[PDB]
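Single chain ahead, written as structure tokens, the form deposited in one PDB entry.
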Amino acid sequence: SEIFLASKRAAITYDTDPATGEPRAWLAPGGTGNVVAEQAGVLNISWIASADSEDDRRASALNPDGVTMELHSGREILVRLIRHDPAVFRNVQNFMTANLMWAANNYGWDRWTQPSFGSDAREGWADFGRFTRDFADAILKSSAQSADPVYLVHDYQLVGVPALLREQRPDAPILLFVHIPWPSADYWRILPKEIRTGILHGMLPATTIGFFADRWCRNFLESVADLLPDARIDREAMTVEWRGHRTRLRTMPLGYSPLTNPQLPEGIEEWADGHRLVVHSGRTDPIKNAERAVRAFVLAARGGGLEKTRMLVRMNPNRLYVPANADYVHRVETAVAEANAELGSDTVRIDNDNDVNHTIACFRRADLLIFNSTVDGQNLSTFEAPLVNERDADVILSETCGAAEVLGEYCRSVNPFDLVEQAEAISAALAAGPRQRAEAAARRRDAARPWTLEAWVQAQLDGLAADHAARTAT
């Protein structure tokens, strides 16, 4: 049971021993790779990923075949890093952002005015083709010696990988995990033909394609029927038959890593002290929907009873170079700016720093939590925030978040495009009693706790194992 895990980034920390002065390379826990190395069947694991630092590039060239790295139980994993054509790599990264692929899987486009694919998409795809050849090659190269390689393929960047893997090792078990949603067939279809088909041609040769949510899987299967005449779907069995490949689609939900007291960001406590605090947290991504959250807070305050309540928009900076992240951050400032002009000043604050620790302090402080994403593959903060909060905070969750399948019954679920509803739910949550809240919180945690990172990985290993036996038999 020799395992080869491929990820877009493998999280490595590069630093100097604070005594030695010697440069250190280590892996950060949880981990995925770290965690896989921890399970029952696993004999060995190798992790393969792209280089994005020059720390990466520099440490890569010193060990082309990979560097063996050690964590728990004196275990080890072999970490191989790929140095791509820098021009090629940089282009594919823009291919995966809101400029192209991120809008497609995450419902960015309006159809009426976006998108308008030109030459750039052709060139981006070609490059994605090239970038995929690297990974497949690097992974294969790494597995030449192994007898029975089990391949785990992660991140959306690696979609075209399994085909090129099944090309060379046809009996091998291949799982592709996609952490992001899958668009409806009409939406998936917006993509240029060579792109809407090519992604599906790359994905299907896998033993399993794992998603976070049932809705993602179904959407995927609908696309296949829509776009591949040769493919047969079973909506019940979650299978696809195409070109002699049998593919199973599983939903393997994720919640949190428990292997993860922090201070609030500057002045936030004094700012918050004496007020109930509404918190919204996310990356600087358009999907996270903080603008509507801010407006909805405003429609609520107008309702009354939102005296002495404050709202914190916790944001995490990410990929600000993409216009959509930029616009979205700007679009939120305007909202916040207006909410303060209408309802009082310093009623709302934004924090845009990149501390993980600062967010967890925010989760703990919060009296109401909002995770009303327009869409979310899963959203793991929505599991995380309830589990660390001792204020018995209610959660407003979007129904378009994958976590909703797991946590929607036990949270306040709203259509993420309705301000009237979202507002109503804000005041509803803050009208609600301590004891009503105290019991709904305990139950919310009971539903959230089981989905640890570890279990998610066992699902993958157990799930691929079973599906492998099936493909092998069929």
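Residue numbers here begin at 1 and follow the sequence given. Between two forms, the rigid core is defined as the largest C-alpha subset superposing within 1.5 Å. Shifts are known only where both forms have a C-alpha.
What comes next is about the form deposited in another entry, which is not displayed.
With the rigid core aligned between this form and the one not shown, only one of 420, 431, 438, 40 has a CA shift of 2 Å or more: 40. With the core held fixed, the Cα of residue 11 is displaced between this form and the one not shown by 2 Å or more.
After superposition on the rigid core, displacement of the C-alpha of residue 409 between this form and the one not shown stays below 2 Å. Relative to the superposed core, residue 67 shifts its CA atom by 2 Å or more between this form and the one not shown.
Compared with the form shown, the residue 169-residue 68 C-alpha separation increases in that other deposited form, the change being 3 Å or greater.
Legend note: Cα of residue 158 to Cα of residue 39 is at least 3 Å closer in that other deposited form than in the depicted form. Under a 2 Å criterion for C-alpha shift, the consecutive stretches of 3+ residues that differ between this form and the one not shown after core superposition lie at 9-17, 23-46, 53-56, 62-73, 75-79.
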